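S.K.: Dumping the structure here so I can ask a few things about it.
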Amino acid sequence: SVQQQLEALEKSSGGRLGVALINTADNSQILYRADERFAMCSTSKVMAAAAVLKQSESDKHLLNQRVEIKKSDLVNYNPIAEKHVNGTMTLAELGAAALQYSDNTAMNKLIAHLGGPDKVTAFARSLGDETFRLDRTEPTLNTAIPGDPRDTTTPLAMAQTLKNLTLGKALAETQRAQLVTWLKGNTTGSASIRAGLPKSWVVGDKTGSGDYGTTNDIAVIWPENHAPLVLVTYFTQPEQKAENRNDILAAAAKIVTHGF
């Protein structure tokens with residue numbers, strides 16, 4: 001009947017909804033189209049940030065390395081990087097900006113530092129994620145064309161990988177804690193998953209949006225008196241210029257967490 005509710009939400013919305021919830025208390029799962037590919041858009045930024053944190057495990061100087069920001073580095077959405085044109089940002093600062101403000105220049109800097117989109121994909125494979133693929137940089141990784149496999153993953157794969165990154169064995173403790181700190185400080189997710197949950201729950205999330213009204217959020221959730229939940233909600237539509245629908249993600253989160 002959670003299934004019935006998600007199916008009715010999807011039908012009314014006129015799009016395609018993908019949901020994966022992992023309850024880490026018993027490793028039970030609520031899945032809806034969790035095996036289907038969706039364009040990740042900005043939710044892919046988490047993997048690029050994590051790949052740099054993994055590097056920092058063996059290179060104690062990495063996170064403080066400075067990167068020059070020039071006018072030509074700027075793409076189409078740079079709320080943090082534009083404040084530093086002609087100056088520099090550390091890799092840690094780029095990580096923060098990519099995740100907490102969804103800065104596109106910060107994402108591209110991280111990808112260039114790693115050596116390209118294929119390097120983010122190899123990082124994901126090393127974590128046992130055989131689904132994730134990053135193919136392009138910002139801003140073209142957001143085209144989200146139906147049936148296009150580029151820059152996609154599935155809700156289940158992303159839920160498992162986010163669990164491993166934030167609560168599991170993917171990163172050493174210091175790096176794991178840094179990633180979690182970044183996600184909890186996200187500024188862009190108020191109208192998404194967070195809006196469907198009790199106000200007192202602690203949430204770390206990364207949103208993403210793109211063409212075809214593609215509207216995504218992935219979250220780690222710490223309830224007050226229970227083990228954490230991991231929740232991925234992906235949503236996309238059939239018209240290229242469809243409006244983004246953060247309210248659909250909030251509604252889906254309310255449905256699947258009804259019971260906690």
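S.K.: Before we move on, is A159 closer than 24 Å to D118 by Cα, buried (at least 18 other Cβ atoms within 10 Å of the Cβ) and among the aliphatic types (A, V, I, L, M)? Steps first, please.
M.R.: Values: closer than 24 Å to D118 by Cα: yes; buried (at least 18 other Cβ atoms within 10 Å of the Cβ): yes; among the aliphatic types (A, V, I, L, M): yes.
Considered against the rule, which asks whether it is closer than 24 Å to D118 by Cα, buried (at least 18 other Cβ atoms within 10 Å of the Cβ) and among the aliphatic types (A, V, I, L, M), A159 comes out as yes.
S.K.: Let me ask something additional. Tell me the residue from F235, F260 that is touching a residue at least 24 places away in the same chain (Cβ under 8 Å), of a type outside the set (G, A, S) and farther than 15 Å from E10 by Cβ, please.
M.R.: Values: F235 fails: farther than 15 Å from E10 by Cβ.
Checking each option against the conditions leaves just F260.
S.K.: Another question about this same structure. Of everything in region 1-27 that's assigned to a loop (DSSP other than H, G, I, E, B) and hydroxyl-bearing (S, T, Y), which residue is surrounded by the fewest Cβ atoms within 10 Å (Cβ to Cβ)? First the steps, then the outcome.
M.R.: Filtering region 1-27 for residues assigned to a loop (DSSP other than H, G, I, E, B) gives 1, 14-15, 24-27.
Filter once more, so that each one left must be hydroxyl-bearing (S, T, Y): 1, 24.
Values: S1: 6, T24: 16.
Here the answer is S1.
S.K.: Within region 4-42, track down each residue that is in contact with a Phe, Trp or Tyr (Cβ under 8 Å, 6 or more places away or on another chain) and β-branched (V, I, T).
M.R.: Scanning region 4-42 gives a single hit, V19.
S.K.: Scan region 178-226 for residues that are surrounded by 21 or more Cβ atoms within 10 Å (Cβ to Cβ), under 14 Å from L167 (Cβ atoms) and out of contact with any strand residue (DSSP E or B) (no Cβ under 6 Å at 6 or more places or on another chain) and report the count.
M.R.: Counting residues in region 178-226 that are surrounded by 21 or more Cβ atoms within 10 Å (Cβ to Cβ), under 14 Å from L167 (Cβ atoms) and out of contact with any strand residue (DSSP E or B) (no Cβ under 6 Å at 6 or more places or on another chain) gives 1.
S.K.: Given the conditions (1) crowded, with 24+ Cβ neighbours inside 10 Å; (2) under 30 Å from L63 (Cβ atoms); (3) touching a residue at least 24 places away in the same chain (Cβ under 8 Å); (4) in contact with a helix residue (DSSP H, G or I) (Cβ under 8 Å, 6 or more places away or on another chain), report the number of the one that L229 does not fulfil.
M.R.: Condition (4) is where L229 drops out.
S.K.: If you don't mind, there's one more thing I want to ask. Can you report the number of residues in region 39-57 which are among the hydroxyl-bearing types (S, T, Y), farther than 16 Å from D129 by Cα and touching a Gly at 6+ places or on another chain (Cβ under 6 Å)? Spell out the reasoning first.
M.R.: Of the residues in region 39-57, the ones among the hydroxyl-bearing types (S, T, Y) are 42-44, 56.
In the following step, the residues that additionally are farther than 16 Å from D129 by Cα were identified as 42, 56.
Among the residues that remain, those that are also touching a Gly at 6+ places or on another chain (Cβ under 6 Å) are: 42.
The qualifying residues number 1.
S.K.: Only one of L99, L53, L63 is in contact with a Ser or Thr (Cβ under 7 Å, 6 or more places away or on another chain), under 30 Å from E173 (Cα atoms) and part of a helix (DSSP H, G or I). Can you tell me which? Write out each step before concluding.
M.R.: On the way: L99 fails: in contact with a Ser or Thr (Cβ under 7 Å, 6 or more places away or on another chain); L53 fails: in contact with a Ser or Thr (Cβ under 7 Å, 6 or more places away or on another chain).
So the residue among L99, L53, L63 that is in contact with a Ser or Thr (Cβ under 7 Å, 6 or more places away or on another chain), under 30 Å from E173 (Cα atoms) and part of a helix (DSSP H, G or I) is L63.
S.K.: Answer yes if at least one residue in region 34-43 is in contact with a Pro (Cβ under 7 Å, 6 or more places away or on another chain) and either without any contact (Cβ under 8 Å) to a residue 12 or more places away in the chain or among the small types (G, A, S) (or both), and no otherwise.
M.R.: yes
S.K.: When region 127-147 is examined, which residues are found to be touching a residue at least 60 places away in the same chain (Cβ under 8 Å), part of a helix (DSSP H, G or I) and not aliphatic (A, V, I, L, M)?
M.R.: Listed by number, the list holds a single entry, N142.
S.K.: While we're on this one: Kindly indicate whether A159 is of a type outside the set (F, W, Y), in contact (Cβ under 8 Å) with a residue 40 or more places away in the chain and outside any helix (DSSP H, G or I). Show your work before the answer.
M.R.: Details: of a type outside the set (F, W, Y): yes; in contact (Cβ under 8 Å) with a residue 40 or more places away in the chain: yes; outside any helix (DSSP H, G or I): no.
For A159, the condition - of a type outside the set (F, W, Y), in contact (Cβ under 8 Å) with a residue 40 or more places away in the chain and outside any helix (DSSP H, G or I) - is not met.
Read-outs: derived from the displayed coordinates by stated rules, not from any lab. With ideal geometry, Cβ positions are generated from the backbone for all residues, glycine too; neighbour counts draw on all protein chains shown.
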